[PDB]
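Here the structure is laid out as structure tokens; the discussion comes afterwards.
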Amino acid sequence: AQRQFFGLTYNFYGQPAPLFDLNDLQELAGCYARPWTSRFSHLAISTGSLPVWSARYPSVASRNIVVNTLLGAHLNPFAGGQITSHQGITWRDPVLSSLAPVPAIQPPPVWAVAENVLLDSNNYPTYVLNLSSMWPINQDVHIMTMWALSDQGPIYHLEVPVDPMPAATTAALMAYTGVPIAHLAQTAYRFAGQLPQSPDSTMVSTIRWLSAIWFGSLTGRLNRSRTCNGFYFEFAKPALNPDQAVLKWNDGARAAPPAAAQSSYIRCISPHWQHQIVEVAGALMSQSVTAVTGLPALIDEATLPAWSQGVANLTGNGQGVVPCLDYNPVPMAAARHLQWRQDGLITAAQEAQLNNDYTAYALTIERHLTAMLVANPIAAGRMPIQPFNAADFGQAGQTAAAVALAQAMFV
Amino acid sequence: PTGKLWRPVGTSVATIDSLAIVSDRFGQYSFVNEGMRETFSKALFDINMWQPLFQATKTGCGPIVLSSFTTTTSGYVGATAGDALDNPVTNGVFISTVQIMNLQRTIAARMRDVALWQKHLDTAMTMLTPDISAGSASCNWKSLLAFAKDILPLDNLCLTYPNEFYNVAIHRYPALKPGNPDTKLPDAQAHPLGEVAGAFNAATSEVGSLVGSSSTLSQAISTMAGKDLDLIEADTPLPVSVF
Amino acid sequence: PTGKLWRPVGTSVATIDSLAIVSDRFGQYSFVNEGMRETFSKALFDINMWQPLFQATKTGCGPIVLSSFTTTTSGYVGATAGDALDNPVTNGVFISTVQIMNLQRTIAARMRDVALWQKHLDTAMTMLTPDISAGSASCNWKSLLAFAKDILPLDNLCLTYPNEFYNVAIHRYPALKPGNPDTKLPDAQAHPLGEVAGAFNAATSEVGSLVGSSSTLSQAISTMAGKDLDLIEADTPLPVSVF
Amino acid sequence: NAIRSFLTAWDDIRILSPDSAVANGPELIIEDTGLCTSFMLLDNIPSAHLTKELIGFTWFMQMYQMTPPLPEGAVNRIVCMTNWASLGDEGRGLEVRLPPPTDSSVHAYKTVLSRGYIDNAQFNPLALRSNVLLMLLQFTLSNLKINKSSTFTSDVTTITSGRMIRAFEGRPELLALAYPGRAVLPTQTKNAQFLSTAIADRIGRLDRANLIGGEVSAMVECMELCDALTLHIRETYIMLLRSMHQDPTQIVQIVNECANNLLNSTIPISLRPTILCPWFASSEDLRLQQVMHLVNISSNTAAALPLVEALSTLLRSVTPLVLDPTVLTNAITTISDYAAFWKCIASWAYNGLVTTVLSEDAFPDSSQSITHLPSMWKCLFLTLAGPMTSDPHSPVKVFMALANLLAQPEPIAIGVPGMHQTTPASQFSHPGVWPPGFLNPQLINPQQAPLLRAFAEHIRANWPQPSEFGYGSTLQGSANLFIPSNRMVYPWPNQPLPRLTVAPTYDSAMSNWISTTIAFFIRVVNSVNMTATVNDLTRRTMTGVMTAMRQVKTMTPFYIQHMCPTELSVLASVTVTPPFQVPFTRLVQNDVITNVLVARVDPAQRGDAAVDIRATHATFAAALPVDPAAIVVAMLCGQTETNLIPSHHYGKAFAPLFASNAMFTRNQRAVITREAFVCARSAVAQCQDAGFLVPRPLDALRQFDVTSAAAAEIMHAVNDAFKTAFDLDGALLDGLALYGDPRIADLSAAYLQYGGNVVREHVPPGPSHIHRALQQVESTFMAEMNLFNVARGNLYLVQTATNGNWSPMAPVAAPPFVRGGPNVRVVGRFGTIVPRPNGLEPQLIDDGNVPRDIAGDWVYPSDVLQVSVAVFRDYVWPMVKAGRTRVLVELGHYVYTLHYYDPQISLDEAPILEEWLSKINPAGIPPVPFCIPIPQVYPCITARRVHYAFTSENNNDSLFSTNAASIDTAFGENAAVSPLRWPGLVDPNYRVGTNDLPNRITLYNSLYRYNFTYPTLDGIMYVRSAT
Amino acid sequence: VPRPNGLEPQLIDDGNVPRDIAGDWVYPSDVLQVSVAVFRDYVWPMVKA
């Protein structure tokens, strides 16, 4: 299958120890203190449209943002070989399941707190000699890596071949029809995180084809009148829950396979991704693919945070790197509505209408995060919000280039 | 459309100020309107022609397709945000600055390459006026060849590659008609790459020469408007500059 | 694309060798790129104009549509197998050699035909300067006509076909505005076939004349690059040839 | 059942889910874990008992014999048989079982027009395309099932060891068939040789674990054998389902909105890798379902009435309003059940399918005076109740009633030609007939006709102003035609339920109407004219009573303007049949919908103009008579229950409604009507030569032009097939095949407004998954008809006495003689033999019309042969048995039936043939009878036998293989196992999921075994709470 | 609204954004009337604690 994941631990943002305390270990949903196979656990049972977030976890990406620093704080293996222990907490045994208090009689060595520790994976020989059991850990660490190599939104990866969708892909995809993007992220992740799959498996090339097929919809290029291969995502009114996507199937005028491969990493600069279940789902839904199949190439050092500068085997700067086109939710959806008007889906009156109904919605996202960062600073201890600063929220980077990527990805 | 391509910049709806020249690591994509492709194609076309001489002499590097310097971006393409807003082009064909550099220095480097050979081919071609302007007139090929085998000075390049120059030549002189391989006879018609242009320059017996009579007119029209021949006997003060 | 059209002689798979100029009983189809249709259309357009004089005098043979010399083949069209491989054109419009011959000798034969009449129309037209360059100025039509009824020498062709030349004329001189049949009055606007061209030559009072000032510049630009005025006081050995 | 219970939070009581039938749901989920095939390899001629040689494998001592994966024996064909390896719970009673080519496959080709005259032993060649379309439509429907993934078991059988095959508990016999190549005994025999080249890898399942919920995988990738055609049909139905899948989570919002927040719930739903809730139908579809009910109801008012009472119940059984005249009676009495009413509000919800007019009895005979008291009262009741109806012509009929009564005191001229002030009010029921005086009060004079200029003045400025309101959820799908999406149109102006007070309860639209009218009539019963017959005392007693009514404290006017909209808005969402509703119009004349009609094709392209029967009825919708006298009472006495928190009340009521998943039955019956339509319209549009654009893969099959009457049967066969497959209730699609042209193009409903304007809602059915598959199937039927016994090409009848080799099917020798060839004469119509007097021999009548003689060779278009078999069998047939003549009957296709014999038993074929000629007649031909020799394994001296038939095309494609049990074959037409059928199992360049479909039905494919769970919501439901 | 794998049942607060029971609530009496069945089953066990 695959066994060689190069990771990278979360940044401290200038804080002493990793941003999380003792209580985070016995609060995680699902399997006790087991951080593995968590993420989409608090969403296992849907009650309604309202995004699941409590007091300690003020947002959607709050559950994951916490399991990240909690994850890295206990990742001496792959980066040292030992098991160590942070604040009296360690793994049960070599398989690395749930975290229990440091066992007596033979306690592990105390972990040396460090920021951004490069994970080699092969450094821990027990991993490959017990792959079929500790496989989820590979998918999860990969997630933490994509989240760590960015101070503003998880950097996933789109692709799309030069030729049309395989004959085994079109038959597998016709099963995730009436399924929201929020759920596609849950089924995608829970798939690549329980049993060692192959890089050329049917469910892998289809889930990847489902992610890049989602980006076009998010940009508006793959609407109701322009399918990639009969699949798209119908968006509801932004004032009436814009989180709803669903992979609808039609028989309209399909697009056409591009002249070349459109491999490209994408990011969401705007801190809006934090509270948007749709953005967090789109990110983690793509990460499920780069898990079973390590990074197709290296990531561009063009922008990114000041700590992801020249990583071991993650972010480069030469010619073997792939540019990262980052966008912004508000301008992206503002350009997404503009696509619908061009082909005649919406009236020229609903053009400037959907913009005001969405910008008001995205405002609620901004009014929420700003009010949560102040409530939960950073020097306090944890980092459920991630210090984004209020100077941003609307400084859209090359979002205009991400849109031009979708037009090129589906000619 | 024309000019550099722009794309929406920053938060907001597309608008006259949302736009910004889509520049980047390659320079700025400038749109390649229909006619401007005619030139770069007409320029590259005149180079590809010399294909048989590029391989023979191991220079060159394969045929130059203009589709190797362009791209298929899409956005609004104008001269300024304001006016670029009225030219939404989808998957247009733009050439990035750094590319507008190669298509330039390539056509320049190759242009030297051929300009040289093309000069040898000539001292040998015109060295037997392959151009008449009334009726026809042949000259049994054997003789012709066995003749230039002489005249041509020892430092040409038509003696080092005869049928490596000949193949280039056949496409420039509808006088030399190569003998077809599977009937071992000429063709009546001559098919030089300049098929049309060469057809429209022949001194057509009905009227001198369209290419001539056409220009001698546009030429005169230029002057007539230019110097200011019009107004030649105008009765009123005129700045000497006007002369 | 440009050049002659090629097609996979080896069938299906078209590689840089399984191609071959698609020649045949008609000669070789050469592609008719967008701009090259502008010319042959602009040439035929100037002939169709003389339609009323072709029928009157039983010459001609109906209006010449450029769509009678072309075809709708499809294949790869380049200058050489190698580069033609990057121009897959479907149902492009090509003109076969033997056709590139007629569109030629037709435009030539017709060109004579009109060149003659067109000369008579003129000695009569310019024979009353139908062109001013500031404000307007009329000349009651009756007089005008009854006048040229005189001057014009007995061997013109504007006396044998008045309103057979007049109809040709109306399309060349936005001075002569024909009186509309169902209101029996002029039109204010004048609609000569050269609608745009004639609009862009008028001596616009803001700036002399775009057609003039434009050329007087491109003309100078030619020289500046040509002779080599640039480098005029260069301090270093220069072959006399450079002069 | 989407929803099962609903423990209401405030009440804590689990509401469990339950001429017009009760709409039940379509059986959308059937599934079988057995082999996904419908093309078995049934062997035909049994094997001549060879001596095994290599027996089963020998593990240690034991000797394991395994069942031969492929059919062995003489000749094994590919006999089509739907769900032959089906191992699931059930199957939609409807299949296709064709007997091996050795039997009369004729029966399966006798649906459409065959029934009745055709002998059970012959099919109708004329109605073949029509009968093959219906035959495949049953081969599709039959195969519309899901493939449960069963339980695998790691195979440890050497060559295939390591591969995870599938169990097959139902009947272990399958495990043999399922995976050909798994444990192949080296016994070199056609069969075994082939199965040997099988790729060990292809067998079993492909993918690894995958989305393992619990311990079972969400959807595996079995590899088992499964005819590409069947695998493709199901891969279509899986999509049909997913298509209409409904995100379970959104279900809370749908209920929250559809009920207007009055009722708010929560429904936990465990999201899983698999899950499937076929409860959602797009508005795109729901409209083809709407105009559909519009067709079944048709002019028939009796079928439309069931709909307005269905609502008249729900309405009343949920309203806070309780009507009771006690108060009214008291008030009036001093100085001296309401179906009508409820069948007037429920009447508006369908204003457009059934209007509510005023019973003619109400009107006071135009010849009666106004001095006549009983008459002027029958008039006052006809006004107070007017607006209460949904007749676009009430505002006039009302005004007119009074224009009648006082015809002498106020003799005003009526504009409408041919009509006079004394014309029975009822009579006015067309926007044209409207009096100009009424259209413009100004026309009447104040002193000329005081009362009228005052009465028209009244109506012009008092009749309630129509209005509207949204309703249902937005994530639902309009389902309504003329009025904007999920949003109704109400008669009176409505407003959000204001906190009860003295203000809203006297200011309602209706309060004004009830008021100003009584006010107006009080001045009428006090006219000077009244004196003539009205007493001074009784004239006062009249003012006494009419004032009691006016001042009576009725609380309905408030209900019908604040609380009644919130009911319909909701009630209009929990109904299996959404509200059809054409826009309301008060006095705007030219625009007041005159006619409403469904069109089975846009008038433009409609050959044979046929209006919608509805046109015949006066009013545009089924005119349901409502009595004014009743409605007025109801309107004048509606006190509500003392304690009344609108919040708690409406809450408790709409609770039981959302418990019955009747909202989802609507979405389901909908996505099936759109299937049964895109499939019906297609099948009838494929049998007519011209007509609606539908891919005709079966255009080659001979089929006469289907008339209007004929279609209705190809239509009943299609519509009736769907119902049987999805066991539905009531109409569905038969409305189309019961009148008008069954030949529908694209349905559209349009109403024309008197203002000479026709708004026309086109409703094109969005891509029918079922139909997309059917097309692919019809397309396959061409390249593979032999697998259905039908054969393409002409039948030659040249007598051949060879004792050598034969194969009527795919004959190697060159066609005896082409049709337009040298010397062949086409037999002219009728094919009439002309006896010739004297020595001369009988000669056949030529096509060129000039009689030629028989000896030679003719080309018989089957049409001719069928209208003179008697003459054929007695003149040309004998001339054929004797090697003198060679006929060439021409049948595009047909049902062949062959009989295998012993190449060693010399037997003439003539008898076995005439058995045939004998049954041919105009009404229909019996299966063509070929006689093929059973492939002999050992060189055997064959016996001379004379054959007569054989085709022009090669039709032995059906033949799967001969002598699988032998190292080869010595005599009969030998046929090795073709690798082509199994590109998946054999070829190394296969590509999971790759078909061939249009051209060649592959056997061993790569299906995708699913494992869906069907979440069944049952949540808590909290009301709103007083405040 | 209940929450999956061991998470506090959120009590839909006023603004209509489910909040959590362990805190300080203000129960508009009317609400408490059409809701006790719930109150007693999730917030009550909480107040006692």
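As shown in the structure tokens, the chain order sets the letters A, B, ...; within each chain, residues go from 1, and ligands are also counted from 1 in the order they appear.
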| said: Could you list, as a PyMOL selection string, every residue within 12 Å of residue 145 of chain C, counting only C-alpha atoms and ignoring same-chain residues fewer than 2 positions away? | reply: chain C and resi 124-125+127-128+139-143+147-152+158-159+162-163+166+176
Give one line per residue of chain A that approaches chain B to at most 12 Å, naming the two atoms of the closest pair and their distance in Å to one decimal, counting only C-alpha atoms; sort by chain then ascending residue number and deliver it as a Markdown table.
```
| residue | atom | partner | partner_atom | distance |
| --- | --- | --- | --- | --- |
| A:221 | CA | B:90 | CA | 11.4 |
| A:258 | CA | B:72 | CA | 10.0 |
| A:259 | CA | B:72 | CA | 9.4 |
| A:260 | CA | B:72 | CA | 10.8 |
| A:269 | CA | B:10 | CA | 11.9 |
| A:270 | CA | B:11 | CA | 10.6 |
| A:302 | CA | B:25 | CA | 9.8 |
| A:323 | CA | B:25 | CA | 10.3 |
| A:325 | CA | B:24 | CA | 11.8 |
| A:327 | CA | B:10 | CA | 9.7 |
| A:328 | CA | B:11 | CA | 8.0 |
| A:329 | CA | B:11 | CA | 9.3 |
| A:330 | CA | B:11 | CA | 6.7 |
| A:331 | CA | B:11 | CA | 4.9 |
| A:332 | CA | B:11 | CA | 8.6 |
| A:333 | CA | B:13 | CA | 9.5 |
| A:334 | CA | B:13 | CA | 5.8 |
| A:335 | CA | B:13 | CA | 6.9 |
| A:336 | CA | B:13 | CA | 10.1 |
| A:337 | CA | B:13 | CA | 9.3 |
| A:338 | CA | B:13 | CA | 8.0 |
| A:339 | CA | B:14 | CA | 11.0 |
| A:342 | CA | B:88 | CA | 10.0 |
| A:351 | CA | B:13 | CA | 9.3 |
| A:352 | CA | B:13 | CA | 8.1 |
| A:353 | CA | B:13 | CA | 11.1 |
| A:354 | CA | B:13 | CA | 10.7 |
| A:355 | CA | B:13 | CA | 7.5 |
| A:356 | CA | B:13 | CA | 10.1 |
| A:358 | CA | B:12 | CA | 11.2 |
| A:359 | CA | B:12 | CA | 9.0 |
| A:362 | CA | B:11 | CA | 11.8 |
| A:392 | CA | B:11 | CA | 11.1 |
| A:393 | CA | B:11 | CA | 9.4 |
| A:394 | CA | B:11 | CA | 5.9 |
| A:395 | CA | B:10 | CA | 6.0 |
| A:396 | CA | B:10 | CA | 4.6 |
| A:397 | CA | B:10 | CA | 6.7 |
| A:398 | CA | B:9 | CA | 7.4 |
| A:399 | CA | B:9 | CA | 7.5 |
| A:400 | CA | B:8 | CA | 5.4 |
| A:401 | CA | B:7 | CA | 7.6 |
| A:402 | CA | B:7 | CA | 10.5 |
| A:403 | CA | B:7 | CA | 9.2 |
| A:404 | CA | B:74 | CA | 6.1 |
| A:405 | CA | B:73 | CA | 8.1 |
| A:406 | CA | B:74 | CA | 10.0 |
| A:407 | CA | B:74 | CA | 7.0 |
| A:408 | CA | B:73 | CA | 6.7 |
| A:409 | CA | B:73 | CA | 10.4 |
| A:410 | CA | B:91 | CA | 10.0 |
| A:411 | CA | B:91 | CA | 7.3 |
```
**Prompt:** Hey, what's within 7 Å of segment 99-106 of chain C if we count only C-alpha atoms and toss same-chain stuff fewer than 3 positions away? As a VMD selection string, please?
**Reply:** (chain B and resid 196 199 to 200) or (chain C and resid 69 95 to 96 109 to 110)
Atoms kept (N, CA and C atoms) for selection, written as a compact mmCIF listing (two decimals), in the first residue's frame:
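Just written: selection-v9.txt:
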```
# COMPACT_ATOMS: atom_id res chain seq x y z
N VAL B 196 -0.93 31.19 -52.28
CA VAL B 196 -1.76 32.34 -52.61
C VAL B 196 -0.97 33.58 -52.95
N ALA B 199 0.46 33.60 -56.15
CA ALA B 199 -0.54 33.60 -57.21
C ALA B 199 -0.93 35.03 -57.48
N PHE B 200 -1.07 35.81 -56.41
CA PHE B 200 -1.45 37.21 -56.51
C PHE B 200 -0.33 38.21 -56.76
N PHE C 69 -15.02 29.59 -54.29
CA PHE C 69 -13.67 29.13 -54.59
C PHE C 69 -13.08 28.28 -53.47
N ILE C 95 -8.73 26.73 -49.77
CA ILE C 95 -8.95 26.98 -51.20
C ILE C 95 -7.93 26.12 -51.93
N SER C 96 -8.38 25.21 -52.80
CA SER C 96 -7.46 24.31 -53.53
C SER C 96 -6.60 25.05 -54.54
N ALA C 109 -9.74 39.08 -64.42
CA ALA C 109 -10.59 39.37 -65.57
C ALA C 109 -11.59 40.45 -65.21
N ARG C 110 -12.32 40.27 -64.11
CA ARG C 110 -13.32 41.26 -63.67
C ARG C 110 -12.64 42.59 -63.40
```
Item to complete: Please identify every residue of chain D that has at least one atom no more than 6 Å from any atom of chain A, counting only C-alpha atoms, and report them as a PyMOL selection string.
Response: chain D and resi 211+239+242-243+245-247+249+252+266-271+273+992-994
Pick the closest to residue 305 of chain A from A:77, A:153, A:384, A:216: which is it, counting only C-alpha atoms?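 Smallest distance to residue 305 of chain A is found for A:153.
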message = Need the shell around residue 126 of chain A: protein/DNA/RNA residues with any atom at most 10 Å away, counting only C-alpha atoms. Skip same-chain ones fewer than 5 positions apart. Format as a PyMOL selection string?
response = chain A and resi 77-78+81+94-95+121+131+134
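Near chain A, counting only C-alpha atoms at 8 Å, the chain E residues are residues 1, 2, 3, 4, 5, 6, 7, 10, 17, 18, 19 and 20 of chain E.
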Next, dump the selected residues to file, keeping only N, CA, C and O atoms, as a PDB file, in the first residue's frame.
```pdb
ATOM      1  N   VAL E   1     -31.079  20.123  21.473  1.00  0.00           N
ATOM      2  CA  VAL E   1     -30.532  19.269  20.434  1.00  0.00           C
ATOM      3  C   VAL E   1     -29.477  18.353  21.039  1.00  0.00           C
ATOM      4  O   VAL E   1     -28.566  18.812  21.724  1.00  0.00           O
ATOM      5  N   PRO E   2     -29.598  17.034  20.811  1.00  0.00           N
ATOM      6  CA  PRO E   2     -28.627  16.071  21.353  1.00  0.00           C
ATOM      7  C   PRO E   2     -27.347  16.040  20.501  1.00  0.00           C
ATOM      8  O   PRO E   2     -27.398  16.350  19.309  1.00  0.00           O
ATOM      9  N   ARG E   3     -26.207  15.691  21.101  1.00  0.00           N
ATOM     10  CA  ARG E   3     -24.937  15.623  20.351  1.00  0.00           C
ATOM     11  C   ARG E   3     -24.336  14.219  20.445  1.00  0.00           C
ATOM     12  O   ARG E   3     -24.398  13.580  21.494  1.00  0.00           O
ATOM     13  N   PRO E   4     -23.729  13.733  19.356  1.00  0.00           N
ATOM     14  CA  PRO E   4     -23.109  12.400  19.278  1.00  0.00           C
ATOM     15  C   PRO E   4     -22.044  12.067  20.328  1.00  0.00           C
ATOM     16  O   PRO E   4     -21.882  12.789  21.312  1.00  0.00           O
ATOM     17  N   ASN E   5     -21.332  10.962  20.104  1.00  0.00           N
ATOM     18  CA  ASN E   5     -20.289  10.447  20.997  1.00  0.00           C
ATOM     19  C   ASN E   5     -19.885  11.322  22.168  1.00  0.00           C
ATOM     20  O   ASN E   5     -18.949  12.118  22.068  1.00  0.00           O
ATOM     21  N   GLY E   6     -20.597  11.163  23.278  1.00  0.00           N
ATOM     22  CA  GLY E   6     -20.299  11.913  24.482  1.00  0.00           C
ATOM     23  C   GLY E   6     -20.012  13.402  24.372  1.00  0.00           C
ATOM     24  O   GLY E   6     -18.871  13.835  24.536  1.00  0.00           O
ATOM     25  N   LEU E   7     -21.049  14.182  24.087  1.00  0.00           N
ATOM     26  CA  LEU E   7     -20.947  15.636  24.010  1.00  0.00           C
ATOM     27  C   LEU E   7     -22.217  16.150  24.689  1.00  0.00           C
ATOM     28  O   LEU E   7     -23.292  15.538  24.575  1.00  0.00           O
ATOM     29  N   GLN E  10     -26.866  20.335  23.642  1.00  0.00           N
ATOM     30  CA  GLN E  10     -27.006  21.782  23.564  1.00  0.00           C
ATOM     31  C   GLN E  10     -28.477  22.185  23.767  1.00  0.00           C
ATOM     32  O   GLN E  10     -29.390  21.557  23.226  1.00  0.00           O
ATOM     33  N   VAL E  17     -29.263  29.562  18.593  1.00  0.00           N
ATOM     34  CA  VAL E  17     -27.911  29.034  18.413  1.00  0.00           C
ATOM     35  C   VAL E  17     -27.642  28.145  19.623  1.00  0.00           C
ATOM     36  O   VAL E  17     -27.034  28.592  20.598  1.00  0.00           O
ATOM     37  N   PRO E  18     -28.027  26.861  19.546  1.00  0.00           N
ATOM     38  CA  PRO E  18     -27.846  25.907  20.650  1.00  0.00           C
ATOM     39  C   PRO E  18     -26.624  26.168  21.529  1.00  0.00           C
ATOM     40  O   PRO E  18     -25.488  26.189  21.038  1.00  0.00           O
ATOM     41  N   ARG E  19     -26.862  26.391  22.818  1.00  0.00           N
ATOM     42  CA  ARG E  19     -25.769  26.612  23.754  1.00  0.00           C
ATOM     43  C   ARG E  19     -25.765  25.464  24.751  1.00  0.00           C
ATOM     44  O   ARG E  19     -26.614  24.580  24.659  1.00  0.00           O
ATOM     45  N   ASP E  20     -24.828  25.443  25.694  1.00  0.00           N
ATOM     46  CA  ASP E  20     -24.782  24.314  26.625  1.00  0.00           C
ATOM     47  C   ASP E  20     -25.314  24.560  28.028  1.00  0.00           C
ATOM     48  O   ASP E  20     -25.096  25.612  28.626  1.00  0.00           O
TER      49      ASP E  20
END
```
